[PDB]
Amino acid sequence: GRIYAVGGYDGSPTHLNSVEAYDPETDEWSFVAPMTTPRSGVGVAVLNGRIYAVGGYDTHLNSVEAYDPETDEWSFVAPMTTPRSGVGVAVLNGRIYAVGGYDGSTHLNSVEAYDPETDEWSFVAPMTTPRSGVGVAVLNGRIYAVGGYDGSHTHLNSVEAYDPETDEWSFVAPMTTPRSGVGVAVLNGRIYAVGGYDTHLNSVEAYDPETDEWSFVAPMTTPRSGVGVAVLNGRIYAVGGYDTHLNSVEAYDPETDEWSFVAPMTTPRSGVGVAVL
Ligand SMILES: [Ca+2]
Ligand SMILES: [Ca+2]
Ligand SMILES: [Ca+2]
Ligand SMILES: [Ca+2]
């Protein structure tokens, strides 16, 4: 029942290990325990009652830290094989998938899956297009890799969908606007691609997998690339990003098609990871 904003970069007048938690019922952000390693461009996902902070840039990181909210403690888990900043992370069928990113130790099309029951990462099928700054979300039994930057030199509007049952990636319909550093979340049977960089974007596009179509929805007030996006209590929250490095937070209600500001974080954060637990 909280949104966690994990790491990022405070470029206001620092790569962050700090973590803030938002309670929608009180409209308040509070600091929790910080991660060991500072991470900007970090991917964050939730599995089996832990937040996982995957990769990022401190050195480009293959390390992964897990947070237990019941104890307010972080601990390292097994590292990925490939270092990845600008990585997208999502959870499907009991695995965390780390998708793409940049290995500054290559823009990556490789994908690694983590099983918490074995504490092991393995490679699965790679995407067709390398993607750093990619948004990843899960809907109807597929992982969608949305946008990003292929520097193997294009900002991408293309979108690939992964089926774990076949271990295959397939292209779906592309977004209208190319978006790197895009935030992606899922609500009411649609994938929302929020902000990013084409021009720093306040526009938002929604994908219906049943029709294979993207449509624009209401734009955010503030343009945000490097934005973190998560879903809680029937709203999409767009957290931080770079317009100014932002500590502001906007909430989208799909039933009204409106964005509004909520309480800002204490620390401005671009390249921030955001998950709900
Ligand atoms: Ca509550
Ligand atoms: Ca527990
Ligand atoms: Ca299992
Ligand atoms: Ca299936």
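With +1 assigned to the C-beta of every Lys and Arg and -1 to the C-beta of every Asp and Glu, and no other charges, what is the dipole magnitude of region 163-243 about the Cα centre in debye, to the nearest 20?
Result for region 163-243 is approximately 600 debye, rounded to the nearest 20.
Treat each spin label as a single point 7 Å out from the Cα along the C-beta direction, and report the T221 to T36 distance in nm.
About 4.0 nm, to one decimal.
Enter the Cα centre distance for the pair region 97-136 and region 183-219, rounded to the nearest angstrom.
The distance from the Cα centre of region 97-136 to that of region 183-219 comes to 22 Å.
For the chain, which semi-axes, largest first and in whole Å, follow from the square roots of 5 times the eigenvalues of its Cα gyration tensor?
23, 23, 18
State, to one decimal in nm, how far the label point of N48 lies from the label point of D23, with both points 7 Å from Cα in the Cβ direction.
So the label points at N48 and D23 sit 2.9 nm apart.
Which Cα, out of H200, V159, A173, lies furthest along the positive dipole direction of region 124-246 (beta carbon charges, K/R +1, D/E -1)?
Farthest towards the positive end: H200.
Given charges of +1 on the Cβ of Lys and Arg and -1 on the Cβ of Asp and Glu, with all other atoms neutral, how large is the dipole of the chain about its Cα centre, in debye to the nearest 20?
Using only the charged Cβ atoms, the result is roughly 680 debye.
Rank these for me by crowding, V276, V227, going from fewest to most other beta carbons within 10 Å.
Arranged by neighbour count, lowest to highest, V276, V227 become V276, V227.
Coordinate-derived values only; no laboratory data. Quick reminder, even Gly has a Cβ in these numbers, built from the backbone with ideal geometry, and neighbours come from all protein chains shown.
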